[PDB]
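Below: one protein chain in two forms, given as structure tokens, structure 1 then structure 2.
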Structure 1
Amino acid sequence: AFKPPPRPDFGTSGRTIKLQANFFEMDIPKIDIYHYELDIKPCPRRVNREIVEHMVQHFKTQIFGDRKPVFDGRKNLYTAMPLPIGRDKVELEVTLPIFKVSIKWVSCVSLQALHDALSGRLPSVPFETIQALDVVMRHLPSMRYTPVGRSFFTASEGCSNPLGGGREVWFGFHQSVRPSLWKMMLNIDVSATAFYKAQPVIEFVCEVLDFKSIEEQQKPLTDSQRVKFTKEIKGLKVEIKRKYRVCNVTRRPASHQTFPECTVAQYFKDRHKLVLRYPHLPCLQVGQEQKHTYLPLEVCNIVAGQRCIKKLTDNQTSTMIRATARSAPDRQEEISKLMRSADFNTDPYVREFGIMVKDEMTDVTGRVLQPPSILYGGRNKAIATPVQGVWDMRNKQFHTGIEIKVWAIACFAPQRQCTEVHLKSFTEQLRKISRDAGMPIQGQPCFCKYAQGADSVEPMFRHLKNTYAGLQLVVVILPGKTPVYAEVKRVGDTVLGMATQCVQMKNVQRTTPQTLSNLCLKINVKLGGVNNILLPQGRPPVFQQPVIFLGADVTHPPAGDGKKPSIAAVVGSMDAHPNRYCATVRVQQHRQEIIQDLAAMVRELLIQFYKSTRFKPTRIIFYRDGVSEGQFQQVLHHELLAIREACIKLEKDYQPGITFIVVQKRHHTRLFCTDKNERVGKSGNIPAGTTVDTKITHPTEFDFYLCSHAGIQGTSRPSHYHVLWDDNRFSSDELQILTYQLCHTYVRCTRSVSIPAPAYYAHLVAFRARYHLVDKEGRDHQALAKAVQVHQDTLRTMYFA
């Protein structure tokens, strides 16, 4: 439970492919530079950046001589040459167009220590050095553009991109400094997010309430209109010179609205001497709730550069997607255009520190791994061969297909829309596809009844269970999006323990062989079948001893939410294929990534593995989704020990080797085909199986990019895998092949998915817990805990399929 293992070696498996990556090489000088600790009394980050930039111009002659200090926005200051004050304190103060600021100088950043650590000589990558370089690259754009996370956004000049509702698209780019096997690298990627337009509040009202012009509404707002407007502007800032956080939209129109004893229209009529157009419309209530200052819509401006944190509307989203949808070559060229346009070398603050940035994307050589063969059953024992990460189920039967003899249907769609004919049609079509797949639906359903409302579910289901012995499955037709779905799964998964398979009504009226086939995949698994397996003799050597494959993920509540729990999920392989998985799930602290009750969850799974296979795992392979580099030590420290605790409290001296792997699907590394005839499909992406464990990866540690999936649309996200611990001493080859093969064991489709199945199931388990908790989200905890606790008959199934 200490620092991660070193890179054991480099992969050798697979044919080579020429790739470009959105990493731009950095030439860093071999000099020392100087860290200073600031403290400003009393502020937003951008306000503090402003204090220093004005302060440096003001104490130029006294202190900062021809220097270009960079400032991280709070209390870290860096200079290329030392400041003529030495080792001691200084208390300065600056003017606002009020601030005492303290400058010390704690440290000297060696820099040349970075080159040596990048050479692997020094085991440690010095973080406090990498911190400093990022502050260099961020200093200037942090004031010109509008920061959001590690990115930067600005209004596109020459073009506008409205979304409606007073919003518009702002294009921008992500920026980050990372170390690598080769050099320091600048990772750049284009991005876009919704912003509020800096228009008159009057015109803001118009876009939200759907007026072409002011004069449509001539007398004060409707009850309906004043709340809808209020909901949209409250929390946004506005300007007149001066700043104001909008806090409320008043009840009375300006002319009638009053403050102590004068009225705002009257107040503006003589003090600032302008009658109001639109005296009918109300006033904004600004700043403090306790205080009584009210502002007219007329004189107000929506202040520029405020990110839109509310969820977009559906047509707003449509507009956003349409604007930013981009094939991989188009993506590549846009990154390139931006970077030649950025001209990071001209940046004076960059120039101060003598940093040089490469004009072009780095060239990197990847390898394309071979897909494993997939083994089906029935009589043929057919073998399927993934081609460009895809295969099909025609002319093949499940390795272990379930014979279905007792089953029922429950339609919650209106009969006028979903008729008995449609159901009968759909049934015959399904039975056909299912027999071909080795999953004979041997008879007609023993039950078929229309229903309406979530109220009718539990009684209908309790009936079925009490009546039809050996009942295997209930198929449930739904009219579309409905609360019934959440209800059907609550009763099935948690209350009665009954297999259910829902189908949207539209996919019943009109069915297709592909859709029905994918449906049988889900069904056969839910009823304990094995769809396929990896070709046994084609697996890596690790399968020669008993091994369990764990997948784990946390899912946090949406943006803006304050009290909903985070949900941890852990699944474990239950056979030697590996194919069958059992799941565990927990509610835990709001926005905690660390899986709190992991040890209990792993113990549960280890026991079930033994009852299933009658083997004890000699090794445990742990795939952990979603952890960032910043949280690697904390998570590993807690979660690695939790796995050990599980093993130790199970049996004395039961110490299986642990391999701990973090899976990151969401980062800002993008890989492109250098050679045009390597591109795959309309989107023009790199092929499935593409592997990069050199050049752009970590200088000392064990990590690699693997893109295991076909890229249908946009630009593919190659998944990054990072090994935080490995008792089993894997080689790069074996772990990459293992990880790649597990992307083929995902039962919901005949494709190679973007992450290993165990981790993918961990997502599906979490998301299902989220469905159990809909509108239900010491005594607080136990209620939610029980909401996600599945029935005893469900515990050992793949209900999450």
Structure 2
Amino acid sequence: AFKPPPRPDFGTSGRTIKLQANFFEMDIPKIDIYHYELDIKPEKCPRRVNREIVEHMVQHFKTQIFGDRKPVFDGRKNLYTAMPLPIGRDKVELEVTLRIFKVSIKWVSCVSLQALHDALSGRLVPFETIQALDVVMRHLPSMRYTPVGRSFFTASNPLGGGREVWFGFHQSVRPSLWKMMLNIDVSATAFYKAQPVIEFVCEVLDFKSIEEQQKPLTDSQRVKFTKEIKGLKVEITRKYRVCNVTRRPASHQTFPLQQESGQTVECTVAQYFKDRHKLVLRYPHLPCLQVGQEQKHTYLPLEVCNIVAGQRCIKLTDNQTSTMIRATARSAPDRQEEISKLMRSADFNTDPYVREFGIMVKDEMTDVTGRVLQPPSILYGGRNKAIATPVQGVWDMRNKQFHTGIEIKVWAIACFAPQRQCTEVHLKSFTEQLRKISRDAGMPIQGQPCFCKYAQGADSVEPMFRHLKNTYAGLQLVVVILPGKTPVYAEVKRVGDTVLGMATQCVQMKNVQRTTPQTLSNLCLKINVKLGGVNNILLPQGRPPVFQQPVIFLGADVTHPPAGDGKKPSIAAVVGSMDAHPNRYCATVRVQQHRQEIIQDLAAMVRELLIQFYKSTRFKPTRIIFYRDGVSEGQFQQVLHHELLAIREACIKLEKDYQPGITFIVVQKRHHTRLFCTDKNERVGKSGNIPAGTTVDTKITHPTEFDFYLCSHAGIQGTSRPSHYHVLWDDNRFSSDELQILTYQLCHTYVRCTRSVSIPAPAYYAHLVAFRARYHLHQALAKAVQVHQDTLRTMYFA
């Protein structure tokens, strides 16, 4: 439970394909870099100010300290030079005036670039050296741009609610098999528009003019406004940070003011701003922003506050994201060209600081040979046992029937939309069409619905659902019609998943009025699996040799609430395959610590899944294949330590000598690696992306460890994100080919569509399970996420 295994070999399966990646080769000298620590006082200043402190410091003490050397600075404590500063072992205390700062500089260590080169050829990598290079490369942009994480942005594209989309770029230095790579990609994120809070109030509460609201805010408006502006920074027309919005208006909101006599008296914010600042508040009927430490009693009228510029958005409305998707999505060729322009304007080979450290960057994207793996055949059932062959990551069910289709004889309909909007003739036409498609799909819905009624309100779900279970023997499914985004869906799922063991399929009102065969087909995919059916399976004989013994595939993911909201738990989910196909999955879900990435109760969850596997297959797994999603590189050792041990603990707690081989694989979508076709003829579709199944385990991958990118999906729009897979542990001694082929085939087992998806089904299912828990809304939280015994064994999350 310690160190990731070395790369066992290089893959050779699949037809070769010429690719380019947004990785640019770095030529780096074998010199020593000199690392100096900077403890400046005050020590809590923003990184920008720190950079300014250091900026003036270098120039101010050019004569006696720095000379002609051009140091780089990380914004905190670390400063690097290509040559040693004439300060030896001893610390030097300096003054910096901008307003006064006590800056101390002391040498710490020599960063050996020679030691890095050798790490890039076995000797299995020092984090410190890579970090230092990163500081060198991003020193100038950190002064020339607004740094946001590993990205850089400038002000130019609204989204609504005071939001704007800024265009910038991501930059990071990365290790590879022989050289350092510079990873560059275009970036885009939502920022709050810098504007007066009064106008923020308008755009949030949809006012064309603040004058429309001549009166104090309703309890509804204030709550909505509080939600948006909380945690955001503001400035005086001095920078503050909003922690709440007052219930009372500025004309009546008071605070204790100490008069010069010594006695303290309550004074209104409005009266204070009149006496102290000679300002008659224009909108004294509006509330104040509570900034500071709550205990500060610091209230600011809205009309004297502006949203500070450069604030990144941390949940977007569905209209905002749609607009954001629209403006940010662009074809792979177009994105590739944008990155080229990015490199051109960056002009690294003239950057004074990277020239100081003798660094050079290649202007062309790295050439990589990819491999297009062969897709698996998909076996269907019914009369003619049709075999589907994925083409460009896609297949269909035409002249095919489910492997094991569920005969639906008893089923009901509930409609939570107006009877005028979704009339009886809609239901009749919808039902008739649904039966025909289901008939052709091998999931024959025999006969009309045994029940059909109208309703409205989330309070109607349960008692209606209370009825149906008792009155109709063998009730299989209850179709639910919903009028757009109505917070009743969450209640349909609560009752259907938790209180009663009842399968429920929701469908929007619009998809009932106007039905299409394709929509109905996809609806049948979800229904069949929800009732325990098997839509299809991998062609058994086309499976990798891992299936020669009983094996269980696990998918794990944890979803976090908005940072800083607090008091909201993270949701961990683990799913496990329950047959040899593999098709059916059982789910486990837990609430845990806010923003905790480690799955706390993993041992218990894995135990439950092993038990169910044995009950379903009468076999104990000889191998556990664990696909872990939602983990960054900086967390690998922490996650691997706790979670590999937890998996082991589950096995031991089950039976003393039970030691199946564990393969631990982290799957990552959140990265800035992009692959492009070198040959135009290899571009797929209008988006011109790489084909489904393209694999790369060379050139841009880890120099010693077992990792690969796999674009398992076809790109519909924008530029495809190839998934990255990093093997943190492997008792089973997979070859490169078998593991890559295995991952790829698992991307074809996802039951909600006849498409190869971007991550293996179990990892995807884990996401769905965790997301379903969000709709389920400390012991109560754990109870509210707990699923019915009936539902416990089903795929309700589909």
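Between two forms, the rigid core is the largest collection of C-alphas that superpose within 1.5 Å. One-based numbering along structure 1's sequence throughout.
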Have a look at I302, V635, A113, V530 and give me the residue whose C-alpha moves 2 Å or more between structure 1 and structure 2, with the fit done on the rigid core. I302
Comparing between structure 1 and structure 2 on the rigid core: C-alpha of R462 shifted by 2 Å or more? no
Determine whether the C-alpha of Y721 shifts by 2 Å or more between structure 1 and structure 2 once the rigid core is superposed. no
If we fit on the core, is the Cα of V148 displaced 2 Å or more between structure 1 and structure 2? no
Could you tell me the distance the CA of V169 travels between structure 1 and structure 2 after a rigid core superposition, in angstrom? 3.8
What's the distance in angstrom the Cα of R277 travels between structure 1 and structure 2, core superposed? 12.3
So with the rigid core superposed, the C-alpha of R87 shifts by how many Å between structure 1 and structure 2? 1.0
